[PDB]
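# Secondary and tertiary structure notes
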Amino acid sequence: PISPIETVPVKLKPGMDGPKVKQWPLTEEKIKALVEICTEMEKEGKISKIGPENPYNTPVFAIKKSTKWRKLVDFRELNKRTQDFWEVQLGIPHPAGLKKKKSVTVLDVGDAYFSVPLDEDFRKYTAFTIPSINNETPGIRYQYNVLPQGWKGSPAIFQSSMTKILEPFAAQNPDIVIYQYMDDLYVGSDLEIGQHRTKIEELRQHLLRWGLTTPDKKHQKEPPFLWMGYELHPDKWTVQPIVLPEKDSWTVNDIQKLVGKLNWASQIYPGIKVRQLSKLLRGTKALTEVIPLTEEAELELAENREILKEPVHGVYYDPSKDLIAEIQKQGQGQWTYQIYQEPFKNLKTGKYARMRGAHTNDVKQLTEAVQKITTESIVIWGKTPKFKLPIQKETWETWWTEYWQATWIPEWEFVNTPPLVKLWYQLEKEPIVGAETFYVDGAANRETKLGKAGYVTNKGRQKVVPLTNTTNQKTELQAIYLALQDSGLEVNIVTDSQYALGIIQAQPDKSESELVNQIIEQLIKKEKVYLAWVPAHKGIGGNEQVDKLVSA
Amino acid sequence: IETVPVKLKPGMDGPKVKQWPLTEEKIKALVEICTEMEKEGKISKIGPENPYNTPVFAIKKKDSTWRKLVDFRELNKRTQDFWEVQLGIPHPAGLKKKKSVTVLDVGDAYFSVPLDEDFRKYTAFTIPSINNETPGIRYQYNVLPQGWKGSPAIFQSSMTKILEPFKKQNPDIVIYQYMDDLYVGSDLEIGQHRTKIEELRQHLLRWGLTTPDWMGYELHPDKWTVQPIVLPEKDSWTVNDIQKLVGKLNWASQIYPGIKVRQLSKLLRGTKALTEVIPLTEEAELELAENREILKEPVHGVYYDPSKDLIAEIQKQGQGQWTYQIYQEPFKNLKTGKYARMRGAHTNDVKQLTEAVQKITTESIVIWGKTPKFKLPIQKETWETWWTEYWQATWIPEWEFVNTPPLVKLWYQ
Ligand SMILES: Cc1ccnc2c1NC(=O)c1cccnc1N2C1CC1
Ligand SMILES: O=C(O)Cc1cc(=O)oc2c(O)c(O)ccc12
Ligand SMILES: [Mn+2]
Ligand SMILES: [Mn+2]
């Protein structure tokens, strides 16, 4: 039987020849099962006996579960020599981007790969041998005429063949939506149920004329459609059931799986947090190493169990209505958002929790969250959503005007729901007259890590603090912290540290360093702070005085 | 009708670059564009035996309703010695010196030349679908594609032949070709210069070669310079102002050897308040004046290395201003400049940055015949989602994204 499907031309990688692996012998009952299976495949034209001039071979095994044996060909060596193909189904649709349908049928293309022929010039490289008993007579030589299961090009070619077979049907029926995934077909429509079931039958018959069989209406699956970890109804979607185990002990493997399930659930279940649970995975990669759950991790997991206690579903996309995304701050640098078209029904949810570095502020993290949502929206719905954000316009406008990086802000609306995003402190742009001027400096030994941090002021006040287990960097930050502790509500501080200047001028309100947090606490309590910078060791007034004190 | 054989560089495979997700309006425009290009035979659909891909975008040079821009950056790197060594288009150093330089798009001419049949599979591109609902629409080029550095190398002989009557007619006009663009420079009055451009357009039109229809594609490289660093002139210096001044001069001494700050440091003795007024002594004024005379002279020993890449850094200055500098080795600037434009209602950051990158790239092409690699002060994801909204060039430079702020912001004001 010549197949009417146009074969795709396939080449081997340049300079490579076909496989030449010899077949290991198998037991007598495996060989008898292989001869029976291959004779039925030969009748159906899927394989063909070959002469001795073919020098190639690929090993074949046999194994069972039903009461039937199954043939298994190990194409690993042929796959290494096969050309690369156009990457297949790498990105799957997100259900929040599908549109509602009245009826959706799934169709399992039975025996899919073996229904698509294989390039004639390439068939010689798929040769395999059933061994004769005791290796006393010549083995039975076969080669494939269709897409072999487990070959590198079978998924790409089959999907290509399937699309070419479907395109006349879709052209005649633009009122039908088809999505192919592996050997399944999801067919959705808004037709009245009677004529929808008629189009399904017309599709099955169309497929059948190319040798593609599909389940009868008898054995056609029904809601829901378990697909890629989702549960899909024609009018609603959700994730498959998430089961978080109760364990007396937790290893890195168990918590990596736990963060994964929690991440997966966060696309619909609002409020999922994973900051404290992901902190436990820092640095360590021993899969079996037991990690003790911290106090905050136990609470976070408890908070997630309460969220996951009862089901939540998501609605599908209505292109006729606006796209709205709203963000709320959870604290500890954690954010969650919802994308919806109408209240009480979400398209999807999600979170943004990443700190870019050691220090950030809330306005920057909010902008990064809006960016993450803008990218996600373009992928799913092909457009940008209207934003509702817990920030007042004056707060963002003063931030992105003075932020050293370029940024783009979409049209948005202020939602008054606390906690609001705010600028907790703002350094002065010009020095403060009548405010004391602190010349701060620090120094430390790179071996003993013993340090000093102090200041000299124009009023004659001087101070030095001893420091242990510190660096030149930390001392320069301790020096600014010192001058903030010992100054009034207005203060000029002059440092020589470009490092410390870059941190504080970034105006952070959150940090992974306890020291920086304490400096943030002081800057909030101040009224006016001016931070100035001079080069070290250039004869610059009060800087040379405080440099001599802490150097000693 | 006879195709030029093209090959990759030895030991290199074709490009396999991800297609960026696109908005729905750009997917439609790309589908309409490509449906016509396929009817006109320029491109054909391909199958799964073609594993290569090159990203495509939709941009918009002002017109009624969308043009296709292919990011051949990867394929250009992988066919390099074919176009830079074998058929390299040399660079005339006089183009930067002409009073006026006009830029003309001749990329439409490539569409008449067929592409080497065994090379077409490397021009494969994909039109994405919204939410991956359908497999991408896969095309490959049958003719010379715009934005490919091989298209001018192949069309070069045909271009020299078409331009030959115009050059013998106008021996003083400089003509340089970079990819799909012609750069035409003259020393004429701006009125006579625009007439000469129209003449050249009519020459190309007469030989069947279509083209477009004080600023814009019209440049003036004789007014460009390398920009000087400047110190403020004040009547009252506070302790803070002098500390700003000694800080800048200390940074300047990293570039200029002869900078001195001793007389200025000695004004700030003994732990002063920042806001205290310090009148400049005679010795510091002369120290300040001598440093000002050093910064009006070019830094010497700065040379262009054709073996090295050009680097372009940009700083956001606020007030719609942006400063840039082009270099190959740090602190040895080959050019520095500034950019500014003032329409509050229509204008935003990404907008300005995008127009600055295109301006710097054009200055780079005119001067060195090569685009620089940009250190862009922007989030990676933010730039990748919005740069095609304001791109009006047919080429795309290399860029990376700087994540640390510089204090050198005010040092370039
Ligand atoms: C798994 C999958 C992937 C992509 N699209 C769909 C589906 N499956 C559905 O069940 C579905 C449900 C609702 C709307 N579209 C759906 N469909 C589409 C075909 C009508
Ligand atoms: O400027 C330098 O050469 C390094 C340097 C950085 C700094 O933050 O503080 C410094 C300092 O207090 C010194 O006494 C010497 C050098 C530095
Ligand atoms: Mn210091
Ligand atoms: Mn010091």
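Reading guide: rules and limits
- Residues numbered from 1 in each chain as written, not as in the entry; some residues may be left out.
- Chains lettered and ligands numbered in written order.
- Heavy atoms only, no water.
- Patch = residues over 30% accessible without salt bridge, like charges linked within 9 Å, V, L, I, M, F, W, Y side chains within 5 Å.
- Areas by Shrake-Rupley, 256 points an atom, 1.4 Å probe, with all protein chains shown as cover.
- Salt bridge = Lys/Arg side-chain N within 4 Å of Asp/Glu carboxyl O.
- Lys, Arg positive; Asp, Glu negative; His and termini not counted.
- Charge placed at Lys NZ, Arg CZ, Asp CG, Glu CD.
- Helix = DSSP H or I, 4+ residues; strand = E, 2+ residues; numbered from the N terminus.
- Domains from an automatic or database assignment.
- Contact = heavy atoms within 4.5 Å.
- Buried area = accessible area lost by both parts, 1.4 Å probe.
- Nonpolar A, V, L, I, M, F, W, Y, C, P; charged D, E, K, R; others polar.
- Buried < 20%, exposed > 50% of the residue type's maximum accessible area, 1.4 Å probe, protein only.
- Donors = N, O, S within 2.8 Å, 3.2 Å for Na, K, Ca; no water.
- Pairing = 2+ DSSP bridges.
- Axes fitted to C-alpha atoms, helices over the stretch in contact; angles between N-to-C directions.
- Arc of directions from axis to C-beta.
- 1 Å grid on protein atoms, 1.4 Å probe; cavity = no way out; pocket = protein on both sides within 12 Å on 5 of 7 lines; lining within 4 Å.
- Points joined across faces, edges and corners; volume = space filled by probe spheres on them.
- Near = heavy atom within 4 Å.
- Polar contact = N/O pair within 3.5 Å; in protein donor to acceptor, adjacent residues only side chain to side chain.
- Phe/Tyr/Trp six-rings, centres within 6.5 Å; stacked < 30°, edge-to-face > 60°.
- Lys NZ or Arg CZ within 6 Å of the ring centre and 35° of its normal.
- Tetrahedral: all angles 85-135°; square planar, octahedral: opposite > 155°, others 65-115°.
- Expected span 1.5 Å × (residues − 1).
- Bend = angle between axes of the 7 residues up to and from the residue.

Taken together, the side chains of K548 of chain A together with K260, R262, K266 and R269 of chain B present a region of like positive charge at the surface. Here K266 of chain B shows up in the loop between α7 (262-265) and α8 (282-295).

Below, the discussion takes up the domain arrangement of chain B. Residue and element names in this part refer to chain B. What the domain assignment lists for chain B is domain 1 (5-93 + 119-159), domain 2 (94-118 + 160-218), domain 3 (219-304) and domain 4 (305-413). Contacts between the two partners involve nine residues from domain 2, matched on the other side by eight residues from domain 4. For the pairing of domain 2 and domain 4, the buried interface totals around 800 Å² over both sides, and the portion due to carbon and sulfur atoms is 64%. Counting the surface domain 2 buries against domain 4, the share from its top three residues, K96, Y178 and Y183, is 52%. Inspection of the region where domain 2 meets domain 4 yields zero salt bridges. Mapped onto the side of domain 2 that touches domain 4, the elements with two or more residues apiece are β7 (174-178) and β8 (181-186). Broken down by class, the residue content of the side of domain 2 that touches domain 4 amounts to five nonpolar, no polar and four charged.

Residues and elements named next belong to chain B. Locating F155 in the fold gives a position in helix α4 (residues 150-169). What makes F155 buried here is its relative accessible area of 7%. Along the backbone, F155 and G191 are 36 residues apart, and their C-alpha atoms lie at a distance of 31 Å. When near neighbours in sequence (up to four residues on either side) are disregarded, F155 contacts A109, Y110, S112, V113 and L209.

Moving on: the coordination of the manganese ion (ligand 4). All names here are of chain A. Around the manganese ion (ligand 4), the protein contributes the donor atoms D441 (OD) and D547 (OD), which lie 2.1 to 2.2 Å from the metal centre. The distance between the manganese ion (ligand 4) and the manganese ion (ligand 3) is 3.5 Å, with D441 acting as a donor to both metals. Note that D441 is positioned in strand β18 (residues 436-444) and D547 in helix α13 (residues 541-551), a separation of 106 residues in sequence. We note that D441, like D547, is buried.

What follows concerns the interface of chain B and chain A. Contacts between the two partners involve 54 residues from chain B and, on the opposite side, 60 residues from chain A. Buried area between chain B and chain A, summed over both chains or domains, comes out near 4,700 Å², and the portion from carbon and sulfur atoms is 59%. Considering only the side of chain B, the residues that lose the most area to chain A are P48, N131 and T271 of chain B, jointly responsible for 15% of the buried surface there. The interface formed by chain B and chain A includes one salt bridge. With a shortest N-O distance of 3.5 Å, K16 of chain B and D84 of chain A are connected by a salt bridge. Going through the elements one at a time, α6 (239-252), α9 (349-368) and α10 (380-386) of chain B are the ones with two or more residues in the side of chain B that touches chain A. The element best represented in the side of chain B that touches chain A is α6 of chain B, accounting for seven residues. Partitioning the side of chain B that touches chain A into residue classes produces 23 nonpolar, 20 polar and 11 charged.

Residue and element names in this part refer to chain B. Strand order in this open sheet of four strands is β7-β8-β4-β9, and the pairing throughout is antiparallel. Among the strands making up the open sheet, the edge pair consists of β7 and β9 (218-219). As defined by bridge partners, strand β4 (residues 100-105) adjoins β9 across two bridges and the pair is classed as antiparallel. Paired with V101 across the bridge in β9 is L219. α4 contacts β7 and β8 of the sheet and is inclined by roughly 165 degrees relative to β7. With respect to the sheet, helix α5 (residues 190-206) is in contact with β4, β7, β8 and β9, its orientation differing from that of β4 by roughly 25 degrees.

What follows covers helix α11 (residues 498-505) of chain A. Residue and element names in this part refer to chain A. Turning to α11, its buried residues are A500, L501, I503 and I504. Considered in projection along α11, the buried side chains sweep an arc of 165 degrees and stay on one side of the axis. Buried residues along α11 sit in contact with β15 (359-360), α10 (472-485), α12 (514-525) and β23 (528-533). Of the residues one or two after α11, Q507 is the one with positive phi, at around 50 degrees.

Moving on: empty space enclosed by the protein. Looking at the largest cavity, its volume works out to about 60 Å³. The wall of the largest cavity is formed by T367, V370, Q371, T374, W408 and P410 of chain A together with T382 and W386 of chain B. Those elements giving two or more residues to the lining of the largest cavity turn out to be α8 (362-381) of chain A together with α10 of chain B. Broken down by element, the lining of the largest cavity gets its largest block of residues, four residues, from α8 of chain A.

Now for the site of ligand 2. Residues and elements named next belong to chain A. Residues in close proximity to ligand 2 include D441, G442, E476, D496, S497, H537 and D547, which together make up its full environment. Measuring from an oxygen atom of ligand 2, one finds a side-chain N or O atom of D496 at 3.0 Å. At 3.0 Å from an oxygen atom of ligand 2 is found a side-chain nitrogen or oxygen belonging to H537. With the chains in place, 51% of the 390 Å² that ligand 2 exposes on its own is no longer accessible. Per-class residue counts for the shell around ligand 2 are no nonpolar, three polar and four charged.

Attention now goes to the packing of aromatic side chains. Inspection of every chain in the model, using the stated rule, returns 40 aromatic pairs over all chains. Where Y181 of chain A meets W227 of chain A, the ring centres are 5.8 Å apart and the plane angle is 85 degrees; that geometry is what we call edge-to-face. One end of the pair, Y181 of chain A, is in strand β7 (residues 177-181); the other, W227 of chain A, is in strand β9 (residues 225-227), with 46 residues separating them in the sequence. Comparing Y181 of chain A with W227 of chain A shows no difference in burial state: the two are buried. On the basis of an interplanar angle of 25 degrees and a centroid distance of 6.0 Å, the ring pair of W227 of chain A and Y230 of chain A is categorised as stacked. Taken as a pair, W227 of chain A and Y230 of chain A share a single burial class, namely buried. Linked through ring pairs, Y179, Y181, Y186, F225, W227, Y230, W237 and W264 of chain A together constitute an aromatic cluster. The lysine or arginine in question, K247 of chain A, covers the ring of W250 of chain A, its NZ or CZ lying 5.4 Å from the ring centre. In this structure, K149 of chain B is placed above the aromatic ring of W83 of chain B, and the distance from its NZ or CZ to the ring centre is 5.5 Å.

A word on the site of ligand 1. Residues and elements named next belong to chain A. Near ligand 1 there are 15 residues, and of these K99, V104, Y179, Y186 and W227 occur at the shortest range. Coverage of ligand 1 by the protein amounts to 98% of the 440 Å² it exposes when considered alone. Among the residues making up the shell around ligand 1, the classes are represented as 11 nonpolar, two polar and two charged.

A few words on a nonpolar patch on the surface. Residue and element names in this part refer to chain A. A surface patch of nonpolar side chains, amounting to about 450 Å² of accessible area, comprises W24, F61, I63 and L72. Looking at the element boundaries, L72 is found in strand β3 (residues 69-73). A residue is classified by how much of its surface remains accessible, and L72, at 45% relative accessible area, is partly exposed.

Here the focus is the pairing of strand β11 (residues 321-327) of chain B. All names here are of chain B. Among the seven residues in β11, six count as buried, and that is most of the element. Pairing analysis gives seven bridges linking strand β10 (residues 311-318) to β11, with the strands arranged antiparallel. Directly across from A312, in β11, lies its bridge partner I326. The turn joining β10 and β11, which pair antiparallel and follow one another in sequence, is formed by two residues; a positive phi near 60 degrees is taken by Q319. The pairing of β11 with strand β12 (residues 333-340) spans seven bridges and is classified as antiparallel. Bridging from a neighbouring strand, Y327 pairs with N333 of β12. Between the end of β11 and the start of β12, which pair antiparallel, lie five residues, with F331 showing a positive phi angle near 65 degrees.

Residues and elements named next belong to chain B. By secondary structure assignment, the location of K380 is in helix α10. By relative accessible area, which is 43% here, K380 ends up partly exposed. Spatially, the C-alpha atom of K380 lies 7.8 Å from that of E400, the residues being 20 residues apart in sequence.

Attention now moves to the coordination of the manganese ion (ligand 3). Residue and element names in this part refer to chain A. Summarising the metal site, the manganese ion (ligand 3) is bound by the protein donors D441 (OD), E476 (OE), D496 (OD) and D496 (OD), whose distances to it range over 2.1 to 2.2 Å. Around the manganese ion (ligand 3), the six donor atoms are arranged such that angles at the metal cover 61 to 158 degrees; this shape is classified as irregular. Sequence positions of the donors to the manganese ion (ligand 3) reduce to the motif D-x34-E-x19-D.

On to α4 of chain B, then. Residues spaced three or four apart along an α-helix point in a common direction, a consequence of the helix completing one turn every 3.6 residues. Residues and elements named next belong to chain B. Here α4 spans 29 Å end to end across 20 residues, near enough to the 28 Å set by a 1.5 Å rise per residue. Most pronounced at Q156, the bend in α4 amounts to some 55 degrees. Every buried residue of α4 is listed here: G150, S151, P152, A153, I154, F155, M159, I162, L163 and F166. On the buried face of α4, the contacting elements are α3 (80-86), β7, β8 and α5.

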